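Structure first, then comments.
Chains as they are written, first to last, in UniProt numbering: chain A, 23 to 230; chain B, 23 to 230; chain C, 23 to 230; chain D, 23 to 230; chain E, 23 to 230.
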């Protein structure tokens with residue numbers, strides 16, 4: 023179980039070499055049939071809830087963050103906006119008691135995000151801007167704690183190597199650990215398949 | 023948390039190299055999407071209040087510094103003007119008991135500043151000189167203790183380096199500490215975005 | 023039962039090393055998730071009572087300390103304010119025969135404290151500055167004799183060490199003794215847990 | 023309780039090192055947030071009274087010291103002026119049987135002092151010179167027996183050391199004892215504070 | 023705080039090199055925007071008063087030095103003229119008991135100076151010779167203890183150095199100390215400013 027270290031919000035690349043395994047088999051070597059699987063070993067349940075909302079074309083959106091924190095006690099609450107992760111196609115504004123305003127850019131249509139903090143807990147809020155005319159936009163899934171975009175993958179068949187992108191969401195909590203499984207395929211000279219399995223441990227770090 | 027040292031009234035430049043990180047990813051490298059965030063780890067509340075005031079075109083301005091020091095005691099007071107920070111487009115005169123006079127230069131129109139000291143506490147005072155004809159000039163925001171002018175920023179794509187300007191206001195109190203977060207982006211050959219996060223500690227020094 | 027000596031008004035911090043226990047288990051080691059409990063062995067009940075009050079925005083407050091000393095016996099009394107622990111957002115003035123006046127700083131809103139002494143005993147007084155507009159602020163709990171801030175706690179995975187902060191209120195009486203229990207969790211390579219239990223005795227000291 | 027020996031009329035200064043306490047805590051070290059308190063253990067009440075008076079601009083002053091010695095017995099008296107501590111902005115002349123005259127320097131305004139002796143006891147006399155064409159100057163407080171100027175204080179972050187300036191008034195009676203308490207603050211890497219308390223006993227010395 | 027040694031009556035040059043600071047920033051480097059400030063740390067108040075007087079064209083002037091020494095207590099006095107500092111456009115003559123005569127040269131019009139010593143205390147006396155026809159000549163300010171003529175200043179942009187002239191008045195008293203603050207500006211390649219701050223201590227000395 024090879025070890026990897028990641029920091030919340032960072033996005034990094036990973037490379038693995040397969041020459042030692044594919045070379046003696048002969049033939050073409052690797053093939054584009056990689057499969058990824060994620061498993062939890064130590065994950066801390068989040069204490070806040072993500073949310074999704076819609077708005078029509080060129081309309082300011084308003085809402086509240088109060089309903090997204092289901093604390094069991096009437097303890098003091100203070101809200102905040104993570105400035106390192108500003109929305110791409112809009113501007114957010116934080117009021118008081120969790121009230122906020124979103125101001126979409128002119129002629130924009132799509133999905134936008136911003137991250138909020140409540141008593142140190144982090145969560146995701148997704149906004150979809152409907153077009154002026156046409157059907158509603160589908161709700162997209164929330165971003166996992168750690169993910170690998172399956173479309174963003176390649177194999178350098180000229181030297182039997184594999185590269186992919188590893189992404190950590192800002193919501194990941196430090197000291198948690200995740201496991202990744204990779205099953206890779208290869209083809210002999212006669213045109214028949216082989217396989218290989220390996221795993222990696224990802225542990226969330228921090229600064230210092 | 024890399025450490026930086028700064029002195030009140032100084033403006034200095036900082037450079038950070040990214041070759042070690044973006045070199046193996048390939049492609050163009052840095053993509054000019056930096057974002058900055060400031061945090062307070064140990065800041066002392068100011069004991070004086072800044073102020074903003076207006077004057078008509080070619081009109082001498084008169085005011086008082088007494089109202090800007092809300093001490094809760096009848097302790098003795100004394101007013102002074104920091105000569106190292108003279109106004110750019112005018113001349114200031116200090117009277118008795120905090121009475122001061124500002125004499126704008128001929129045909130000047132804009133924002134001008136000067137810094138004053140009350141019983142050892144530093145503060146900012148802003149003056150806006152209205153034009154002869156036209157609408158009023160907007161009130162600008164006050165000068166933070168430490169700031170990075172975001173209009174000034176560049177990335178040397180030929181060598182994967184970033185440069186910015188770090189400026190400390192004269193009002194910064196020594197022995198305080200501030201934290202700066204930087205999030206930088208890069209694009210590989212296939213268009214996958216990568217991100218990098220770092221932080222620096224800024225502590226206020228002094229002479230000796 | 024390891025022995026710890028603490029002084030009133032102190033905040034010290036403690037570190038415990040688990041390498042002798044967690045290293046041979048293999049796996050990943052410590053996994054955060056600790057629990058603390060406090061038990062009494064010898065405690066002397068206070069002879070004075072704490073109190074709480076509210077004041078409107080920018081409104082001076084007044085009161086008397088005489089009602090907080092339920093002495094059944096008949097003896098003379100004298101009052102005093104502990105100047106070593108001054109309030110952070112106001113100024114107090116001890117009056118005649120238990121009278122006092124609290125003058126909040128301009129524009130303040132929140133909670134404030136100051137510690138008073140009656141005939142050699144010690145107690146707490148809590149004052150709340152209500153905001154000018156909006157809902158009122160809830161009552162906070164009184165500070166225990168000894169407490170462990172749960173947010174100031176970390177585990178180092180490189181050396182398998184735990185750090186936490188121990189603080190003693192000024193009201194703690196010398197020669198008292200408390201007991202602290204710690205339960206630390208560690209995990210194997212697959213996510214299953216181990217547990218370790220230890221306890222410490224805390225005795226209140228003094229100067230010399 | 024470390025022991026300090028001080029002589030009347032002296033100003034010495036002290037230095038204490040906190041490396042042995044704050045070094046293992048990591049973090050940022052000291053914070054420059056000390057607090058000082060004085061307590062009596064053995065103090066002898068003075069047998070003479072201090073006084074305060076006012077005088078117009080460039081106007082000579084006269085008075086008598088006889089009223090400042092409330093001796094309930096009947097004994098002979100004699101007066102003296104301590105020349106080791108002369109006034110800084112005037113001249114004094116001891117008259118007949120407690121009479122004296124103060125002749126301020128031309129164009130002076132402010133506060134001035136001189137220390138007198140009656141039958142071996144010591145006291146203070148404060149004289150104020152009002153401005154010619156302005157509001158009267160406020161009465162200043164008398165100098166305590168021992169004091170610590172709170173503006174002449176600093177912490178050296180390079181070696182974790184604190185400096186303050188201890189001073190003794192000429193009127194301190196030998197063989198007296200005072201106790202000084204100090205509470206010092208240090209911060210971790212995130213801004214949370216640690217606290218430390220210590221005390222010292224100051225005993226008034228003499229010549230030999 | 024770099025140290026500088028100065029002697030009364032001396033005028034000397036000072037040079038400071040900025041190549042180590044402005045070189046890495048690029049662009050033009052230094053700019054003509056230097057600002058100077060002088061602060062007192064240990065100054066002895068003068069015991070004599072300067073004076074200023076005027077005379078018409080080609081008329082001998084007579085005066086007295088007696089009124090310029092307001093000694094409070096009567097004591098023997100003696101007057102002298104410092105011959106190392108002769109007037110430029112006239113000749114003086116010292117009589118008895120402070121009586122002196124000034125005899126301007128023919129066709130001279132302007133300001134002339136000479137320095138006098140009363141019982142060991144040094145002073146300045148300024149004479150203005152009015153023209154035959156025209157308005158009166160304005161009274162110029164007195165000579166400070168230490169001064170820097172701001173007109174005489176240059177920056178060697180070809181090698182990034184700054185030169186200025188430091189002059190010591192004959193009236194300066196040994197063992198005194200003054201502090202000088204210098205703020206110098208610089209401009210980057212893109213055309214935006216940087217600043218640098220430094221200070222020096224000037225102590226009056228002598229020779230033996």
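We put the CB at the ideal spot given by N, CA and C, even for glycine.
Between the beta-carbon of residue 224/C and that of residue 28/C there is about 6 Å, and that keeps the pair under the 8 Å contact cut.
For the segment 28-90 of chain E, the full-length alpha helix (DSSP H) segments reaching 4 residues or more read 41-44 along the chain. Rounded to whole angstroms, the separation of the alpha carbons of residue 57/E and residue 191/B is 17 Å.
Contact between residue 209/E and residue 53/E holds, with the beta-carbon distance rounding to 5 Å and staying under 8 Å. Of the candidates 110/E, 116/E, 143/E, 145/E, the residue whose Cα lies closest to the Cα of residue 128/E is 110/E. Per DSSP, reduced to three states, the secondary structure at residue 159/B is coil, with no helix or strand assignment.
Residue range 121-126 is occupied by the beta strand (DSSP E) that includes residue 125/C.
A distance below 6 Å between beta-carbons, with the five flanking residues on each side excluded, links residue 148/C to the following residues of its chain, in chain order: 74, 135. Taking a C-beta distance under 7 Å as the contact criterion, residue 169/C and residue 145/C do not qualify as a contact pair. In terms of beta-carbon proximity, residue 54/C lines the interface with chain A, with at least one pair separated by less than 7 Å. For the segment 40-53 of chain D, the beta-carbon criterion of a distance under 7 Å to any beta-carbon of chain C is satisfied by 47. For residue 86/B, the closest C-alpha among the options 108/B, 67/B, 106/B, 114/B is that of 114/B.
Taking every protein chain shown into account, the CB of residue 219/A has fewer than 16 other CB atoms within 10 angstroms, so this residue is exposed. Residue 185/D: member of the beta strand (DSSP E) spanning 183-186, first to last residue. For residue 191/A, not one C-beta of chain C is nearer than 7 Å to its own C-beta.
Residue environment analysis places residue 44/C among the buried positions, since at least 16 neighbouring C-beta atoms fall within 10 angstroms of its C-beta. Sorting 77/E, 48/E, 172/E, 64/E by C-alpha distance to the C-alpha of residue 196/E places 64/E at the top. Under the 7 Å criterion on CB atoms, residue 216/D is classed as interfacial with respect to chain C. The continuous beta strand (DSSP E) containing residue 116/B extends over residues 112-116. Residue 130/D sits exposed, since fewer than 16 C-beta atoms from the chains shown fall within 10 Å of its C-beta.
From the listed residues 106/A, 26/A, 143/A, 79/A, the smallest Cα separation to residue 72/A is found for 143/A. The beta carbon of residue 161/C sits closer than 7 Å to those of 74, all from its chain and outside the five residues before and after it, given in chain order. When CB distances to chain A are screened at a threshold of 8 Å, the residues of the segment 191-210 of chain B falling below it are 203, 205, 210, in chain order. Apart from sequence neighbours up to five positions away, the residues of its chain that approach residue 152/D with a beta-carbon distance below 8 Å are 76, 77, 78, 79, 131, 158, 159, ordered along the chain. The beta carbon of residue 187/D sits closer than 6 Å to those of 35, 171, 174, all from its chain and outside the five residues before and after it, given in chain order. The straight-line gap separating the alpha-carbon atoms of residue 184/D and residue 26/D is approximately 16 Å. Between residue 226/B and residue 194/B, the C-beta spacing is below 7 Å. Per the DSSP secondary-structure output, residue 202/E pairs in a beta bridge with 60/E, 222/E. Comparing C-alpha distances from residue 40/E to each of 205/E, 23/E, 122/E shows the shortest one belongs to 205/E. Counting only Cβ-Cβ distances below 8 Å, residue 125/D has contacts in chain E at 94, in chain order. In the DSSP assignment, residue 178/D falls within the beta strand (DSSP E) that extends over 176-178. Looking at the backbone, the Cα of residue 48/C and that of residue 167/A are separated by about 26 Å. With its beta carbon at least 7 Å from every one in chain E, residue 142/B lies outside the interface.
Each residue's CA atom was taken as its position, placing residue 176/A and residue 228/A some 29 Å apart.
Assignment of residue 145/D by DSSP, reduced to helix, strand and coil, places it in the strand class.
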